[PDB]
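As structure tokens, one chain now follows by itself in the form solved without the named molecule.
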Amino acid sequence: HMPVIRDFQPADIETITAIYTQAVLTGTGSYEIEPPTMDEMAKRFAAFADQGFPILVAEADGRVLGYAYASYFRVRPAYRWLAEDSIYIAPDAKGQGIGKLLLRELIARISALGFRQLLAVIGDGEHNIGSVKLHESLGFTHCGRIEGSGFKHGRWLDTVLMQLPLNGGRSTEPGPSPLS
């Protein structure tokens, strides 16, 4: 039951779609209501890869137990040193430290690309304590809370924002923008 972190491959899309489907249907970290198809998930991940962002999976006993990727928060050029992280875990794999393994490696890959800040945009932050605690444990600091940003499953939801500086943060001038 030992998990290994590796790069995503297209063969993983089926399980990734199943994991995200459960998150959409039963959880409030995702602000989607209707689970995307595998076709749509493959398109989304191909776009992230085309942009140069890392996409990671955790595998144990031949099963993908979770995934993580980075993308832009917003795309305008001054934002090009800011990345955003996304992490989802299979329901039967929660509480096993998989999120920490994924996020630690994602931080390493994003840092190697030259980003200066990694942002978590945590849906339903009041109830999503698992995601908040995961980011706190890896050094993210709280940087905002948009109250009532979502309505889903009959409840108003808040977005909790957290950030982690990388490569010196805003303490030194940047070099060329990452992924250019």
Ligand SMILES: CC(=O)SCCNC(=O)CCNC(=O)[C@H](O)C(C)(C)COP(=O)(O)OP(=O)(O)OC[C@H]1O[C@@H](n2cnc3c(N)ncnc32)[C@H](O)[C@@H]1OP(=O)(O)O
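The numbering used is simple: start at 1 and walk along the sequence shown.
- Per the PDB record, of the two stretches 168 to 176 and 15 to 23, 168 to 176 carries the greater mean B-factor over its C-alpha atoms.
- Higher mean CA temperature factor between 63 to 71 and 130 to 138: 130 to 138, per the PDB entry.
- When the C-alpha B-factors of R44, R145, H153, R116 are ranked from the entry, the top spot goes to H153.
- Remark: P54 belongs to the middle third of its chain, ranked by C-alpha B-factor as recorded.
- Residue-level temperature factors show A78 in the lowest third of its chain, judged at the C-alpha atom.
- Sort the chain's modelled residues by C-alpha temperature factor and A93 lands in the highest third, per the entry.
- In the PDB entry, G123 places in the lowest third of its chain by CA B-factor.
Keep in mind that the form deposited with the named molecule bound is missing from the display, and what follows is about it.
- Although the partner is absent from the chain shown here, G97, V121 and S131 each have a heavy atom within 4.5 Å of the named molecule in the deposited complex.
- Distance criterion of 4.5 Å from any heavy atom to the named molecule in the deposited complex singles out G29 from the list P35, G114, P54, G29.
- Residue contact check for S137: one or more of its heavy atoms lie within 4.5 Å of the named molecule in the deposited complex.
- In the deposited complex, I89 approaches the named molecule with a heavy atom inside 4.5 Å.
- Here the chain stands alone, but in the deposited complex its contact with the named molecule, taken as any heavy atom within 4.5 Å, falls in 121 to 129 among 56 to 64, 150 to 158, 41 to 49, 121 to 129.
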